[PDB]
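This report refers to the structure that appears directly beneath it.
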Amino acid sequence: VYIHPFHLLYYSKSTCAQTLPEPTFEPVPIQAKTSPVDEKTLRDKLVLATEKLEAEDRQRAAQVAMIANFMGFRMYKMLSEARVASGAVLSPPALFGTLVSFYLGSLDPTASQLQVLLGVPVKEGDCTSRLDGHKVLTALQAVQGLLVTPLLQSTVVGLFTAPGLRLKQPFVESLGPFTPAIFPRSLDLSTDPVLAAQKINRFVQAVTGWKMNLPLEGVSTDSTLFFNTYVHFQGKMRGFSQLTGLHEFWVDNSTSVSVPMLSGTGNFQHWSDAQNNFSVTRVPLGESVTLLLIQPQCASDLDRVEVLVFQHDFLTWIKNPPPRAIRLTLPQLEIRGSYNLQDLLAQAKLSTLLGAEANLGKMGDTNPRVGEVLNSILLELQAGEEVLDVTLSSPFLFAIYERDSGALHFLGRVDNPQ
């Protein structure tokens, strides 16, 4: 009779009303020669979605947007507490897709936990009250698509199994809409953890192309499945240019480090929060996407501001005043960040959600002990091609926000850009 505000994330009456044993396969060795994946061709498969989207589908985009964002903030709060000096960066859509991916490979106990965790209710014992994971991932593909229609967004999934663990094809096929660049590979995750922990990094360097050095504090030696999501965003922001020479960046009252600064001029929106005192600069990247850049009143107030502005479901601090003449100067960002999602779940006191007693039967021949669940982000902001000027010379906050879907694609903190 009635319907939830996230109603389009559920199984529909036709698909739920609508069998062979599941085929399976052992992933090839990590050594196997793998050609690089063309980042340009990926954009097409994003673009192909957005250009054929309907009015029925757009509602989901926003519905998944709200959830993914809320989850983003929960986990950025866990990242904040967990950890320092480089700051942080987090992609809520990627973080969301990772969770839904685990849902799509999870059976009854873990499934509903993950569903309700994401925010879609489970009135237990129904199928039309179960999450249509595949609908969601396509809907997430929408938000992802809208970000890049110049902006680049490649996301590739590493699915590193143990030697003997066969992955079920119907599960790996579920991840399609999340990304076509899924690489199931097999290796010894027992004898030597670091020699293998390198092997993944040397494999990513090959297939993805991106130098993403990501130190591991402690790797568990008894793990069968690794689920690593690697994302790469690259923003050549229009109206901005590289500046000659390297300029200093005040990292701390004592010391600083001279780095490249990109600068532009335009009619940007700019305000200063009456309540909490932080400057905000709303520089639009494309005709939709928006880079929000917050600076605190002073360097030491940043901790508070971050806890206040980002780490909250609300974006009530985002306003819209009359634009003005501004010469913005910020560092040429090459932000890199990496966090094991298991550690964040643990800091949120959900360590058993994907623990050793997690039921992920749908993933393979045997129940996989999912060791680490990486999220890795290379976010680059490069050059595109009276007048009071906003110069980001000290630590600042930033978020990259999509208007049409309403989703928040990246948020983070720049304490030091090398």
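By Swiss-Prot numbering, chain A shows 27-44, 52-116, 118-183, 192-427, 442-474, in order.
Header says: X-ray crystallography, 3.2 Å.
Cβ coordinates come from backbone N, Cα and C, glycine included.
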Disulfide-linked residue for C161, taking Swiss-Prot as the record, within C42, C340: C42
Among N295, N319, which are glycosylation sites, the residue with the most C-beta atoms within 10 angstroms of its C-beta: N319
DSSP state at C161 (disulfide bond), helix/strand/coil: coil
Under 8 Å by Cβ from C161 (disulfide bond), same chain, sequence gap 6 or more: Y37, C42
Gap length 7 residues; flanking Cα-Cα distance, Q44 to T52, Å: 11
Length of the line joining the Cα atoms of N319 (N-linked glycosylation site) and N295 (N-linked glycosylation site), in Å: 20
Other CB atoms, at most 10 A from the CB of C42 (disulfide bond): 14
Interval bridged by 14 absent residues [Cα of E427 to Cα of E442, Å]: 25
